[PDB]
Amino acid sequence: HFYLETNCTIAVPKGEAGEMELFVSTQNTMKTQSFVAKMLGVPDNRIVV
Amino acid sequence: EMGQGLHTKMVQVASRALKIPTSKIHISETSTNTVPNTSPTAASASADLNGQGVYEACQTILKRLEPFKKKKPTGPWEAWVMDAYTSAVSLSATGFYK
Amino acid sequence: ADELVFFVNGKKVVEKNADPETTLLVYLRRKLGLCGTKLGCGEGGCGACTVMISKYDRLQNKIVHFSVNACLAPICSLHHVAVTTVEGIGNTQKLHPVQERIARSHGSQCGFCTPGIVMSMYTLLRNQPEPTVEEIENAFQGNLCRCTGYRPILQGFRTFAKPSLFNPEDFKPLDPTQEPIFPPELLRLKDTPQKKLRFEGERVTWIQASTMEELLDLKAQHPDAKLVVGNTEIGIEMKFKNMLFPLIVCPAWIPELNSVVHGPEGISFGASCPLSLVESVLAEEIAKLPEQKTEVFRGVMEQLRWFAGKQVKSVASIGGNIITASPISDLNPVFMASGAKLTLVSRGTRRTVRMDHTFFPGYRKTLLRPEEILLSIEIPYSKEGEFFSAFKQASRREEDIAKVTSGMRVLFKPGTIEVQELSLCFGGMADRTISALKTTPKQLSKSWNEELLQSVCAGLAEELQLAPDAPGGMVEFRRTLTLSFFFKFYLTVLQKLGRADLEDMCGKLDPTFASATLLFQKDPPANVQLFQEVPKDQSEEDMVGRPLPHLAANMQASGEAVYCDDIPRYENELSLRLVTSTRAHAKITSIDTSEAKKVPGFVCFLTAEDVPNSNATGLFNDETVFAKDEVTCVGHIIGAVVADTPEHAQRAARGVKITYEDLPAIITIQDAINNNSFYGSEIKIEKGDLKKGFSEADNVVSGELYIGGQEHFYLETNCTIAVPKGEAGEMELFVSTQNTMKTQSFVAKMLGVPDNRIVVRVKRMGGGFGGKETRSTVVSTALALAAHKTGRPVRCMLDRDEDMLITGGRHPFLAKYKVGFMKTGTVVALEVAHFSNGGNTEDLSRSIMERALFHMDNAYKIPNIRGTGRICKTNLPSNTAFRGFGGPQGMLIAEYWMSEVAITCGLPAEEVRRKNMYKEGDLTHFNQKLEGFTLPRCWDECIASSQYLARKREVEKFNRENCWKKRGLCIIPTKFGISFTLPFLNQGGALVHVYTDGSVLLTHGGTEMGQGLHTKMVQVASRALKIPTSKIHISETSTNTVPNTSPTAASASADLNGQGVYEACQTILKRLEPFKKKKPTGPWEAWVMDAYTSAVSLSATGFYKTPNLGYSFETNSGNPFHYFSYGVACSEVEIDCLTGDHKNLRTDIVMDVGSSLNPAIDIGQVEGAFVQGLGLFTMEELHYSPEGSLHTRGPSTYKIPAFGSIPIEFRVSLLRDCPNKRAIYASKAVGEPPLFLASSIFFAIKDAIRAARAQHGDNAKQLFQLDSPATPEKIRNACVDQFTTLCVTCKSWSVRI
Amino acid sequence: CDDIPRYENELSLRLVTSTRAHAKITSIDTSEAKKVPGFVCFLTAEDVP
Ligand SMILES: Cc1cc2nc3c(=O)[nH]c(=O)nc-3n(C[C@H](O)[C@H](O)[C@H](O)COP(=O)(O)OP(=O)(O)OC[C@H]3O[C@@H](n4cnc5c(N)ncnc54)[C@H](O)[C@@H]3O)c2cc1C
Ligand code: FES
Ligand code: FES
Ligand SMILES: [Ca+2]
């Protein structure tokens, strides 16, 4: 692909109820959210992309 | 947005749908907590899918403003909106397309 | 050396460059990132910063633990100590029992006080694993909570001592072996000897002295070197009076300053001994020694009872109190009256003195030479025939500054009642602790009798006279207290002489006088919470109407809940400090920033010039962002310093020098009346025929009432972070606000960008109470500007002194009433003219006056009625919304004249109120019909369940058998209209998403400030969707998910947002039903995935407007309210007629909250609101200089209810079987309506004072004046007697606003 | 993404990848990594919640 911006994620944990906000260079916010939530074992509603 | 000018096209679409200048419409970002369960931006399809989404949301807002437009057919956009707000009319809407 | 080494939650901290100005609180939060520990005040009064310290004590040879205020502990005092914070004891993955119990017992609302309270309780348990009830209450003298009304905290923690809202049986047991180990390294180091340390900061050098020799050497070589022990005085001087001591010596380690030696004449305390140690050894001594030897000891104990809390007394030294030489020291009068022996030393010198008037030669001065330190105090044994009393009267009992304080000593010639020695010493009566040296000599060789009483009183009234302009004012009260305290001591001595078989010489005490001399004791508390069970058939997953704890209570108990300032700083983030006028009205002639520019890290000073677009803000556009050309109050924001750190911004702000030319100032309501200075025109409601009403009236009573305002005292002050995004003027703000919409609008207008660029986010507030409905924007706009200008994130959290000055409060009210009534008590006519003091800016002032007028009836039908309001425009900080919003003021006036109706008629108040009460179907003075009028049931339930009638008789009996204490009892109703007085604000919105795992993310326009709104909305959505609450999450409130939201205010927010949520949920259900129809059992998660894979939208908005609202002042027609709240409270008090102190003995409340959405949250709101009302009407008083400068700027002077303030017996019932079908799931709003029911305490006090005036007044005026707040001053002054008589006799400390 | 300012307490991650096309992992030694200043942790499959 050679997108001039490579893959990049900032994840910011909010310290309550497994809440986390991610800033991502992605075309797919939904799968990002889903994959993060499943890995951590928290509902999708805790994870913002 | 990845360089393909999608937000630009969606603002152009919204501006036509609402009959207001592009300058009054802003897109800031994409987030899972404003629109959930989104397909990837792919298959070249994103302006088609989201354009419809956007158009429908704009149709809902127009439907809600039309009584205020009827009673003030020349008065500016701003007067219709402020009239709707002080009449406790919702100025937020979702839009969807399949 | 120079490394500082200590432990935090078991982890070693090595600080190589400790700055002596660094507090523990700032180190924990900003250096270690542990933000569980909060800033509430910076003054030691609120306890939000409470943490635990452990050390190996070398003198007692064991591990000790005590609590401290982190806000006042210098890290440089903490070498080889172990700190435990809220994070150190547990977390939501494994809560400590203390955390669990406060959460589950509904003991956490906004949550901001919870860590500090957790740490107080935790520390007590580390010292005493089986405390008493009494020990549990005593642990919180230093902790304030503004939300809970304290009852649930004590009730949950009582389980550690010795249907249902919570189940104590499910609480996990305490295992003390699982507490954190004492860091083993510190145990190894108590072997090696401690050597002197030096720490060098930006401006301050700190020496930790290891030996007496080092301390004396240093003081000889450099007498400028400032002794710091507990820092509980020096911390206040440095933080608030901007005093810099560039060389500090801490002698806390020195054995000689910490020793306790028993000698023949008494007990010697090293001068650095903490007051907690004095307390413990004196309690041992008085327990085990004969009473005749411990009179002075018990006098010191009596003062230490009411002396701050555990946190302060742990580190505050006796020596520090003595040398501080405050006029209001509670200990110096006792040490002076008892001739306590002080040993002073310098390098190679040593002298002993007995404290007497010479020890204190001038304001905050002592006998010490610059190079001398106090080594020790001997507190003496009392002798045979020697008796002692100590006294203190403040505004509040616990952790308060004494008005008058006193030690008193008599010695009798052996075998006689003849005086050999007499010593009466006082604080609060001059610029130092004084002895009544002219009065007491005249008494030597007199017998202890009535004429000695009269002589000492005449002498005191003459010797201790007061200057009208005397610091503090309250000159009559203070003088009355010196006589009244003497009188108690006189009676006490009569009794003690009795106990020594000298009854025949001095006489017996009259038994009706005996209660005068009792030392304060409270009965054990007894609480009742009654509410309705939900139906039997209600699903266990449907939580509507069940007592679900606040969703965030566990996280609040654990310190994991994030408030604004807990958010980590960006690496490039700057700090802002506001710069305010020190003048009430003046021209700004110039600004000089020379000194500001020199402070390291200074970035800029923002002023009106830097505003990009409009300098005009506020709800009615009459406010400046930054002052231009003139200032119009003390606290008017002139500009803002931006710097790297908050400390550099504070210093830089000090170096902004403003020059002023005074202009004529309008301060008071009277001033505004004289000057025709008002916000808009007169507001008026009138019905019937006044002239006719007053003609037909058997009786007509006229009067005035003044009601003081109120500071919100949210435990979290105003705070904004503004994050600029560098594109298209986009900015995101994190704000402690109730009003995201106005925050956003005001920032956008100021910047000159559209609203669509500006996002305002609120996760939660640590209280709001109306104070964050508009006045938060004054910080938000300034930070936004800073952020736009620098392109960097900028943050500002106000200090408590700043917040109290800038952000205004409840509106003071003055009312002039005239009521006409029949001999039966039936009122036929009423005219009331209301005036409010609005301050600097219009803000919500006019709406507040409207609401007061809508409630001038309270519960009563008045056929002929006229009410007017005028809002005064004055050179004071702008006043705003406060829970009640003008209702409490309006209704207190109504009850005030109603009290006088009852007394004029000679009829029971109870019967007079009931007779006048509205009936179902009646119209108000504003022509709204009362339907579903529940007030009579509330009344009849309350009169019956409180046993009001049988208690009346007990009160009457008490009053006949006691001359110097009196009880009062009153039952008060309330009607409170629900909805914003501006109709279109009665709207709310929501947005819901369902993700493909079935989990639901919900948001609405309402903000969480501790009222349990998110909890309720989750309860509501869970019922609407028919899924468990566990699948539903609310993360925050934001302008970019729900736009155009009204403020969280008018108690309306659950009603509005509830409907919005319900409608969003109904849209989702409609879209799912085909999938539900095809698979009527297959779970929720399958319907959701089925809808997704069929491309059905799983996102919806929801919206609601309250229908049919809109009142006209012109036609007196249309409904302002959607429905009304109703309730009744019965309160009993016992006043001390000699001091003006009182106990709240018992309160019973019946409250109509319809079918409660959550009885736990709702009883919480009733108690919290009631207790704020209690403060409003009896304890909370703001004082201003005649030039309009707020003096009262922290908890030291502003006394909100404490744990020990609440009714000793406190019963709350929610009315059963009263569904309100027009609000969400037949609930009613709860936040504001109960507050005015604390009125019941005000009118109980008024009854008790009436009983005092019949006992002791001459031809005492029948309709006597009691303004609000009914403070000890006003209560004492109104109890006219022989003592007030000899004390009665325009430039002064304060002016009535 | 990477233009967003770092939080003061923000950490950096770097992935460790296979140098073999198909192999068993017989061991992982983290000794040397632990000596690098500012090292916080090495995440592996065991750290996944
Ligand atoms: C919330 C709060 C509530 C309070 N309530 C009360 C109250 O009800 N009644 C009351 O009387 N006080 C009250 N105080 C004041 C408190 O008791 C004093 O601040 C305390 O005793 C001072 O002791 P310290 O060790 O903290 O003094 P520091 O602040 O460390 O020192 C204070 C002064 O004493 C000097 N000093 C200390 N030790 C010596 C020594 N050995 N020789 C010579 N000079 C010395 C210091 O140089 C300094 O001038 C309160 C304070 C707070 C913060
Ligand atoms: S912040 Fe420390 S006592 Fe209030
Ligand atoms: S819950 Fe205690 S101050 Fe808010
Ligand atoms: Ca105002």
Side-chain angles (χ1 to χ4, degrees), chain A, chain C residues 33-36 87 91-93 111 551-563 566-568 570 723 725 732 734 761 763-764 991-1003 1008 1014 1018 1021 1027-1036 1038 1040-1041 1084-1085 1088-1089 1092 1098-1099:
Chain A
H1 308 82
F2 214 97
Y3 25 67
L4 251 91
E5 191 203 26
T6 54
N7 282 277
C8 188
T9 292
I10 306 167
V12 45
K14 302 298 178 171
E16 5 189 316
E19 287 164 17
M20 193 179 288
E21 180 163 284
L22 296 88
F23 305 86
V24 188
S25 189
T26 358
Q27 305 165 232
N28 199 345
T29 60
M30 180 186 174
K31 293 294 161 168
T32 303
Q33 171 191 33
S34 292
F35 289 179
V36 164
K38 187 189 179 234
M39 181 273 293
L40 289 173
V42 302
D44 289 336
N45 66 7
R46 303 306 207 284
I47 305 301
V48 182
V49 183
Chain C
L34 296 172
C35 286
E87 292 97 349
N91 60 45
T92 57
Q93 293 274 282
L551 293 180
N554 292 338
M555 294 180 317
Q556 290 167 2
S558 81
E560 283 167 284
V562 179
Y563 305 77
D566 309 328
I567 300 169
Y570 286 105
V723 178
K725 305 292 167 165
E732 199 159 283
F734 305 85
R761 298 171 66 179
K763 180 157 204 99
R764 67 181 91 258
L991 177 71
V992 199
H993 313 310
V994 186
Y995 294 107
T996 54
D997 67 353
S999 69
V1000 176
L1001 181 56
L1002 175 68
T1003 196
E1008 177 63 43
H1014 292 332
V1018 168
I1027 64 172
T1029 58
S1030 69
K1031 291 184 183 171
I1032 305 168
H1033 188 67
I1034 300 176
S1035 164
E1036 58 166 10
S1038 48
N1040 65 350
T1041 52
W1084 170 257
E1085 287 68 26
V1088 164
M1089 189 60 89
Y1092 172 66
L1098 289 168
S1099 185

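We name chains A, B, ... by the order of the sequence lines, and we start the count at 1 in each one. Computed from heavy atoms alone, side chains included, the values below leave out hydrogens, waters and symmetry copies.
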*asked:* Suppose a student defines contact as a heavy atom less than 4.5 Å from any heavy atom of chain C. Which residues in residues 37-48 of chain A would they list?
replied: A:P43, A:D44, A:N45, A:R46
For [X], is it the side chain, the backbone, both, or neither that has a heavy atom closer than 4.5 Å to a heavy atom of chain A?
X       : result
C:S1035 : both
C:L551  : neither
C:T996  : both
C:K1031 : backbone
C:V562  : both

_Non-hydrogen atoms of A:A17 and C:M555 that approach each other most closely_ = N-SD, 3.8 Å
_Tell me the closest heavy-atom pair linking C:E560 and A:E16, and the distance in Å._
O-OE2, 4.2 Å
*Quick one: do C:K763 and A:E21 satisfy salt bridge (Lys or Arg N to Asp or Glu O under 4.0 Å)? Show the steps, please.*
CA-CA 14 Å; C:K763 180 157 204 99; A:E21 180 163 284; over 6 Å; no
*Side chains of A:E19 and C:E1036 in contact at under 4.5 Å (non-hydrogen atoms)*: no
